[PDB]
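S.K.: This is model-v5.cif (mmCIF, C-alpha atoms).
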```
data_coords
loop_
_atom_site.group_PDB
_atom_site.id
_atom_site.type_symbol
_atom_site.label_atom_id
_atom_site.label_comp_id
_atom_site.auth_asym_id
_atom_site.auth_seq_id
_atom_site.Cartn_x
_atom_site.Cartn_y
_atom_site.Cartn_z
ATOM 1 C CA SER A 1 14.916 -260.993 -14.661
ATOM 2 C CA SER A 2 15.025 -260.742 -10.895
ATOM 3 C CA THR A 3 12.831 -259.677 -8.030
ATOM 4 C CA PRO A 4 12.958 -256.022 -7.041
ATOM 5 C CA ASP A 5 13.452 -256.393 -3.342
ATOM 6 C CA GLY A 6 11.451 -257.623 -0.384
ATOM 7 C CA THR A 7 11.460 -254.804 2.153
ATOM 8 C CA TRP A 8 11.125 -252.110 -0.406
ATOM 9 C CA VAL A 9 7.908 -253.820 -1.528
ATOM 10 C CA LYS A 10 6.762 -253.739 2.080
ATOM 11 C CA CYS A 11 6.707 -250.003 1.517
ATOM 12 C CA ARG A 12 4.635 -250.462 -1.575
ATOM 13 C CA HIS A 13 2.287 -252.544 0.492
ATOM 14 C CA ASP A 14 2.613 -250.180 3.460
ATOM 15 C CA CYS A 15 1.585 -247.162 1.393
ATOM 16 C CA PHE A 16 -0.775 -249.434 -0.442
ATOM 17 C CA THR A 17 -2.695 -250.127 2.735
ATOM 18 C CA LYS A 18 -2.529 -246.418 3.473
ATOM 19 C CA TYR A 19 -3.839 -245.936 -0.020
ATOM 20 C CA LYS A 20 -6.553 -248.517 0.333
ATOM 21 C CA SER A 21 -7.284 -246.868 3.628
ATOM 22 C CA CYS A 22 -7.549 -243.647 1.642
ATOM 23 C CA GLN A 23 -10.009 -245.358 -0.685
ATOM 24 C CA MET A 24 -11.819 -246.480 2.443
ATOM 25 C CA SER A 25 -11.795 -242.897 3.556
ATOM 26 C CA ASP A 26 -14.726 -240.714 2.634
ATOM 27 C CA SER A 27 -12.192 -238.748 0.663
ATOM 28 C CA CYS A 28 -12.907 -241.177 -2.099
ATOM 29 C CA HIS A 29 -16.046 -239.358 -3.141
ATOM 30 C CA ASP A 30 -14.790 -238.222 -6.492
ATOM 31 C CA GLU A 31 -12.678 -240.048 -9.022
ATOM 32 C CA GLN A 32 -10.089 -237.282 -8.895
ATOM 33 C CA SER A 33 -10.323 -237.217 -5.129
ATOM 34 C CA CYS A 34 -9.813 -240.981 -5.131
ATOM 35 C CA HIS A 35 -7.115 -240.476 -7.753
ATOM 36 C CA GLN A 36 -5.398 -238.165 -5.303
ATOM 37 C CA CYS A 37 -5.342 -241.095 -2.930
ATOM 38 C CA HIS A 38 -3.613 -243.053 -5.625
ATOM 39 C CA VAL A 39 -1.415 -240.120 -6.373
ATOM 40 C CA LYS A 40 -0.663 -239.906 -2.677
ATOM 41 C CA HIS A 41 0.178 -243.550 -2.911
ATOM 42 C CA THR A 42 2.349 -242.762 -5.873
ATOM 43 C CA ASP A 43 4.115 -240.022 -3.894
ATOM 44 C CA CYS A 44 4.041 -242.243 -0.808
ATOM 45 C CA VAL A 45 5.610 -244.927 -2.826
ATOM 46 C CA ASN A 46 7.922 -242.548 -4.548
ATOM 47 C CA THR A 47 9.145 -241.390 -1.168
ATOM 48 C CA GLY A 48 8.745 -244.572 0.835
ATOM 49 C CA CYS A 49 9.915 -246.832 -2.007
ATOM 50 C CA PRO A 50 11.021 -244.794 -5.011
#
```
As structure tokens - that is how I would like this structure written.

M.R.:
Amino acid sequence: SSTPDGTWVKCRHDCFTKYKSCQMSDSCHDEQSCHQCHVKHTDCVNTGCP
């Protein structure tokens, strides 16, 4: 029972904004296409903050 980190989460948020930005992109036309944004976030997070 402890917090994960504080800077590592900044990555989650960093890629999150990039993800939200992806959802704001017109690439979010399909659910899968928007899912890719989430998946990119997942990979972004996996790489930026595994």

S.K.: Could you list, as a list in words, every residue within 12 Å of residue 12 of chain A, counting all atoms listed in the file and ignoring same-chain residues fewer than 2 positions away?

M.R.: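 Contacts, with the query itself left out: residues 4, 5, 6, 7, 8, 9, 10, 14, 15, 16, 17, 18, 19, 20, 38, 40, 41, 42, 43, 44, 45, 46, 47, 48, 49 and 50 of chain A.
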
S.K.: Provide the atom CA of residue 13 of chain A to atom CA of residue 39 of chain A distance in Å, to one decimal place.

M.R.: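 That distance, rounded to one decimal, is 14.7 Å.
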
S.K.: Calculate how many Å separate atom CA of residue 33 of chain A from atom CA of residue 21 of chain A, rounding to one decimal.

M.R.: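 Taking atom CA of residue 33 of chain A and atom CA of residue 21 of chain A, their separation equals 13.4 Å.
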
S.K.: Could the centre and edge lengths of an axis-aligned box, enclosing all atoms of segment 36-45 of chain A in the file with 5 Å extra on each side, be given in Å to one decimal as lines of an AutoDock Vina configuration file?

M.R.:
```
center_x = 0.1
center_y = -241.5
center_z = -3.6
size_x = 21.0
size_y = 16.8
size_z = 15.6
```

S.K.: Missing atoms in segment 3-36 of chain A: can you complete it with N, CA and C atoms, as a short mmCIF file (atom, residue, chain, number, x, y, z; two decimals), in the frame of the given file?

M.R.:
```cif
data_model
loop_
_atom_site.label_atom_id
_atom_site.label_comp_id
_atom_site.auth_asym_id
_atom_site.auth_seq_id
_atom_site.Cartn_x
_atom_site.Cartn_y
_atom_site.Cartn_z
N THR A 3 13.80 -260.35 -8.84
CA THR A 3 12.83 -259.68 -8.03
C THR A 3 13.43 -258.35 -7.64
N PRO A 4 12.55 -257.38 -7.43
CA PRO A 4 12.96 -256.02 -7.04
C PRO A 4 13.63 -255.99 -5.70
N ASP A 5 12.89 -256.40 -4.65
CA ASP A 5 13.45 -256.39 -3.34
C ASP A 5 12.59 -257.29 -2.49
N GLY A 6 12.26 -256.83 -1.27
CA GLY A 6 11.45 -257.62 -0.38
C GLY A 6 10.99 -256.72 0.73
N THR A 7 11.83 -255.72 1.09
CA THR A 7 11.46 -254.80 2.15
C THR A 7 10.95 -253.57 1.49
N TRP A 8 11.53 -253.26 0.34
CA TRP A 8 11.12 -252.11 -0.41
C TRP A 8 9.66 -252.30 -0.80
N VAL A 9 9.28 -253.55 -1.12
CA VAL A 9 7.91 -253.82 -1.53
C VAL A 9 7.02 -253.67 -0.32
N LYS A 10 7.57 -253.87 0.88
CA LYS A 10 6.76 -253.74 2.08
C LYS A 10 6.31 -252.31 2.15
N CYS A 11 7.07 -251.40 1.51
CA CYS A 11 6.71 -250.00 1.52
C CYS A 11 5.56 -249.86 0.56
N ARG A 12 5.67 -250.53 -0.59
CA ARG A 12 4.64 -250.46 -1.58
C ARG A 12 3.37 -250.91 -0.92
N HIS A 13 3.46 -252.00 -0.18
CA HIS A 13 2.29 -252.54 0.49
C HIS A 13 1.90 -251.61 1.63
N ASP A 14 2.90 -251.07 2.33
CA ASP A 14 2.61 -250.18 3.46
C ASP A 14 1.81 -249.00 2.96
N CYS A 15 2.30 -248.32 1.91
CA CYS A 15 1.58 -247.16 1.39
C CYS A 15 0.35 -247.65 0.72
N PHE A 16 0.38 -248.89 0.23
CA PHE A 16 -0.78 -249.43 -0.44
C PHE A 16 -1.91 -249.49 0.54
N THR A 17 -1.64 -250.03 1.73
CA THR A 17 -2.70 -250.13 2.74
C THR A 17 -3.14 -248.73 3.08
N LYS A 18 -2.18 -247.79 3.16
CA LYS A 18 -2.53 -246.42 3.47
C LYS A 18 -3.37 -245.89 2.34
N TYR A 19 -3.11 -246.39 1.13
CA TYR A 19 -3.84 -245.94 -0.02
C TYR A 19 -5.21 -246.54 0.04
N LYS A 20 -5.28 -247.85 0.26
CA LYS A 20 -6.55 -248.52 0.33
C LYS A 20 -7.32 -247.87 1.43
N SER A 21 -6.63 -247.51 2.50
CA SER A 21 -7.28 -246.87 3.63
C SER A 21 -7.84 -245.55 3.13
N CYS A 22 -7.11 -244.92 2.19
CA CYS A 22 -7.55 -243.65 1.64
C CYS A 22 -8.80 -243.90 0.84
N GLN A 23 -8.84 -245.04 0.12
CA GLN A 23 -10.01 -245.36 -0.68
C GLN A 23 -11.14 -245.69 0.26
N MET A 24 -10.80 -246.14 1.48
CA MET A 24 -11.82 -246.48 2.44
C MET A 24 -12.27 -245.21 3.08
N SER A 25 -11.44 -244.17 2.97
CA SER A 25 -11.80 -242.90 3.56
C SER A 25 -12.93 -242.33 2.75
N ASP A 26 -13.61 -241.33 3.32
CA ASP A 26 -14.73 -240.71 2.63
C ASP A 26 -14.16 -239.70 1.69
N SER A 27 -12.82 -239.69 1.55
CA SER A 27 -12.19 -238.75 0.66
C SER A 27 -12.36 -239.28 -0.72
N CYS A 28 -12.73 -240.57 -0.81
CA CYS A 28 -12.91 -241.18 -2.10
C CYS A 28 -14.34 -240.95 -2.49
N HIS A 29 -14.69 -239.67 -2.75
CA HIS A 29 -16.05 -239.36 -3.14
C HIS A 29 -16.03 -239.06 -4.61
N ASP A 30 -14.90 -238.54 -5.10
CA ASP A 30 -14.79 -238.22 -6.49
C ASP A 30 -13.71 -239.10 -7.05
N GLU A 31 -13.68 -239.21 -8.38
CA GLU A 31 -12.68 -240.05 -9.02
C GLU A 31 -11.34 -239.36 -8.86
N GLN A 32 -11.33 -238.02 -9.02
CA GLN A 32 -10.09 -237.28 -8.90
C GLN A 32 -9.67 -237.33 -7.46
N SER A 33 -10.64 -237.19 -6.55
CA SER A 33 -10.32 -237.22 -5.13
C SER A 33 -9.74 -238.58 -4.81
N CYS A 34 -10.32 -239.64 -5.40
CA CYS A 34 -9.81 -240.98 -5.13
C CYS A 34 -8.49 -241.12 -5.86
N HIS A 35 -8.35 -240.41 -7.00
CA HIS A 35 -7.12 -240.48 -7.75
C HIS A 35 -6.03 -239.87 -6.91
N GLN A 36 -6.38 -238.82 -6.15
CA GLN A 36 -5.40 -238.16 -5.30
C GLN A 36 -4.88 -239.18 -4.33
#
```
